[PDB]
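Comments concern the structure below.
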Amino acid sequence: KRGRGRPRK
Amino acid sequence: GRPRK
Amino acid sequence: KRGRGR
DNA sequence: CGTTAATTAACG
DNA sequence: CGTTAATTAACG
DNA sequence: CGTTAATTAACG
DNA sequence: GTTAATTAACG
DNA sequence: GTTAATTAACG
DNA sequence: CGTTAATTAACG
Ligand SMILES: [Mg+2]
Ligand SMILES: [Mg+2]
Ligand SMILES: [Mg+2]
Ligand SMILES: [Mg+2]
């Protein structure tokens, strides 16, 4: 169920 | 916390 | 599919 | 008529 | 704590 | 090989 | 709140 | 412009 | 803590 990558640090 | 998918 | 809010 | 390697956001 | 499958990077 | 401004998540 | 890497801005 | 996904809202 | 309302970032 994972979606899009989070914004990077 | 974050919503369950 | 969209991602996180901006 | 793009698959493999690497990454990461899901979970109970 | 830490695997899983989806996503993303890589190659081109 | 352009460089700084602005934004981002992580941390405990 | 602060840090440092990433991303956006600038023209 | 529409749709799926995320985020905000409600008490 | 449940559920729908409202928003917004996907596409091309
Ligand atoms: Mg080759
Ligand atoms: Mg100037
Ligand atoms: Mg397409
Ligand atoms: Mg289409």
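Letters A, B, ... mirror the listed sequences (proteins, then strands); counts begin at 1.
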Write down the protein N/O and nucleotide N/O pairs, taken from nucleotides 1-5 of chain G, whose separation is under 3.5 Å; answer none if there are no such pairs.
from, atom 1, to, atom 2, distance (Å)
G:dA5, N3, A:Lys9, O, 2.9

Exercise for review: Please state how far atom CZ in C:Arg4 lies from atom P in I:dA10, giving the value in whole angstrom units.
Suggested key: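 Result: 12 Å.
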Practice item. Pick the P atom in D:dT8 and in F:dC11, then give their distance to the nearest Å. Key: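 Straight-line distance between the two P atoms is 13 Å.
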Check your understanding: Taking the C1' atom of each, how far is F:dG12 from D:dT7, in whole Å?
Key ->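 Nearest-Å result for F:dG12 against D:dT7 at atom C1': 26 Å.
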Exercise for review: For C:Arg2, enumerate each residue passing the side chain to side chain contact (heavy atoms under 4.5 Å, CB included) test, keeping only those at least two apart in sequence or located in another chain.
Suggested key: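 C:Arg2 satisfies side chain to side chain contact (heavy atoms under 4.5 Å, CB included) with no residue once adjacent residues are dropped.
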Review point. Does any donor-acceptor pair link the side chain of A:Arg2 with the base of E:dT7 at a separation under 3.5 Å?
Key: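 Absent.
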Check your understanding: If only side-chain N and O atoms of A:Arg6 are considered, is one of them under 4.0 Å from the OP1 or OP2 phosphate oxygen of G:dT7?
Key ->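 No, because none of the side-chain N or O atoms of A:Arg6 sits under 4.0 Å from OP1 or OP2 of G:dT7.
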Taking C1'-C2'-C3'-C4' as the guide, is [N] a north (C3'-endo side) or a south (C2'-endo side) sugar?
N      : result
D:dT4  : south
I:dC1  : north
E:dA10 : south

Practice item. Would you confirm whether the neighbouring bases D:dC11 and D:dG12 count as stacked, given the thresholds of 5.5 angstrom between ring centres and 30 degrees between planes? Key: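 Pair D:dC11, D:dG12 comes out not stacked.
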Check your understanding: Are F:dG2 and F:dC1 stacked, with six-ring centres under 5.5 Å and planes under 30°?
Key ->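 No, the criteria are not both met.
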Check your understanding: Does a side-chain heavy-atom distance below 4.5 Å link C:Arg4 with A:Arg4?
Key ->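 They are not in contact (no side-chain heavy atoms under 4.5 Å apart), so the answer is no.
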Review point. Any stems for DNA chain H, made of 3 or more Watson-Crick or G-U pairs in a row, each with both distances under 3.5 Å?
Key: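 The stems that DNA chain H takes part in, listed by first number, are H:1-10 with I:2-11.
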